[PDB]
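Asker:
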Amino acid sequence: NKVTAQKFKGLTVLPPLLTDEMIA
Amino acid sequence: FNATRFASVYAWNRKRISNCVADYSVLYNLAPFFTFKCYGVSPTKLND
Amino acid sequence: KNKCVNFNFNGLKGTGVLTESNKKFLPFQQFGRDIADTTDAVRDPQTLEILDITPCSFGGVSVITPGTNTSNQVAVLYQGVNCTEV
Amino acid sequence: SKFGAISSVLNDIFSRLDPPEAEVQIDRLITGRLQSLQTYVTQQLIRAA
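Protein chains in written order, with UniProt numbering: chain A, 824 to 827, 852 to 871; chain B, 342 to 389; chain C, 535 to 620; chain D, 968 to 1016.
#1: Just the C-alpha distance for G999 (chain D) and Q1011 (chain D), rounded to the nearest angstrom, thanks.
#2: Mind listing the chain C neighbours of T859 (chain A)? Cutoff is C-beta to C-beta under 9 Å, in chain order.
#3: Any idea if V362 (chain B) is buried or exposed, counting beta-carbon neighbours within 10 angstroms, 16 or more meaning buried?
#4: So, using beta-carbon positions, are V620 (chain C) and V608 (chain C) closer together than 8 Å?
#5: Mark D574 (chain C) as exposed unless 16 or more other C-beta atoms lie within 10 angstroms of its C-beta, in which case mark it buried.
#6: So, is the C-beta of residue 652 (chain C) closer than 8 Å to a C-beta in chain D?
#7: Does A575 (chain C) come within less than 8 Å of chain A when only Cβ atoms are used?
#8: Between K825 (chain A) and chain C, is the shortest Cβ-Cβ distance under 8 Å, so that the two count as touching?
#9: Is there a Cβ of chain B sitting closer than 8 Å to that of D985 (chain D), yes or no?
#10: Suppose the cutoff is 8 Å on Cβ atoms and the five residues either side in sequence are ignored; what does the same chain contact list for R995 (chain D) look like?
#11: Are the region 571-588 of chain C and the region 537-555 of chain C touching by the rule of at least three beta carbon pairs closer than 8 Å?
#12: Between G550 (chain C) and chain D, is any beta-carbon pair separated by less than 8 Å?
#13: Hey, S975 (chain D) and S968 (chain D) are a contact pair by Cβ (cut 8 Å); roughly how many whole angstroms apart?
#14: Which residues in chain D sit within 7 Å of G601 (chain C), going by Cβ to Cβ distance?
#15: Given a cut-off of 8 Å, decide if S366 (chain B) and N388 (chain B) are closer than it, judged by their beta-carbon atoms.
#16: Please state if the CB of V576 (chain C) and the CB of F559 (chain C) are separated by a distance shorter than 8 Å.
#17: Look at the alpha carbon of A348 (chain B) and the alpha carbon of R357 (chain B), and state the distance between them as a whole number of angstroms.
#18: Going by CA-CA distance only, name the one from C:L546, C:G614, C:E554 and C:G550 that's closest to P589 (chain C).
#19: Can you look up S596 (chain C) in the DSSP assignment and give me helix, strand or coil?
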């Protein structure tokens, strides 16, 4: 909780391989 | 363009053109060697 | 409206999808820009109505494949898009 | 950013100018944007390290 967007220009963010649940 | 008497250079005239479609195809009926030199826009396509 | 079209509004050329706009800018205002400083909302000259401009659908495509030494079948991954819209 | 060109819109340049100097304007804009992308990549690499 303590830690906290539409780009048509060609900038994307890839999701990580490891989901948070697997890290937990 | 077809005015009979143009003003002197020091007291140059000013005219405002607005609210009208501007066709530049006619301007080529001037003396055969008229300089038509432009800055910032290509004279070939000033009709678009 | 509502398709990938090449539009020319008052000498302003572009390519995209024109949609009916719910934006409510004041009557004197003509154009609409964005964060990236490009026109995304426009007002038609013939009929004073508001249009939203959106770039046509695009994305990245990658290929999943085993080694060609053992097989030659492939799969296709379209990144960041619901493939009900491809 | 205009990067010294007469305008910062590609289609604007292609519509207001004939090629012979349109290549010059477009070249200026392209090289500026390419240099910006390079810089972004370089700082990304440093932060990754």
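Where a beta carbon is used, it is the ideal one built from N, C-alpha and C, also for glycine.
Answerer: Considering the structure as presented:
#1: 19 Å
#2: Chain-ordered, the chain C residues with CB closer than 9 Å to the CB of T859 (chain A) read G593, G594, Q613 and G614.
#3: exposed
#4: No. Outside cutoff.
#5: buried
#6: The structure shown does not extend to residue 652 (chain C), since chain C is modelled only from 535 through 620, so no value can be given for it.
#7: no
#8: No, its Cβ sits nowhere closer than 8 Å to a Cβ of chain C.
#9: At a cut-off of 8 Å between beta carbons, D985 (chain D) contacts chain B.
#10: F970, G971 and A972
#11: yes
#12: no
#13: 7 Å
#14: In chain order: nothing, as chain D lies at least about 29 Å away.
#15: yes
#16: no
#17: 16 Å
#18: The shortest C-alpha separation from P589 (chain C) is found at C:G550.
#19: Strand at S596 (chain C).
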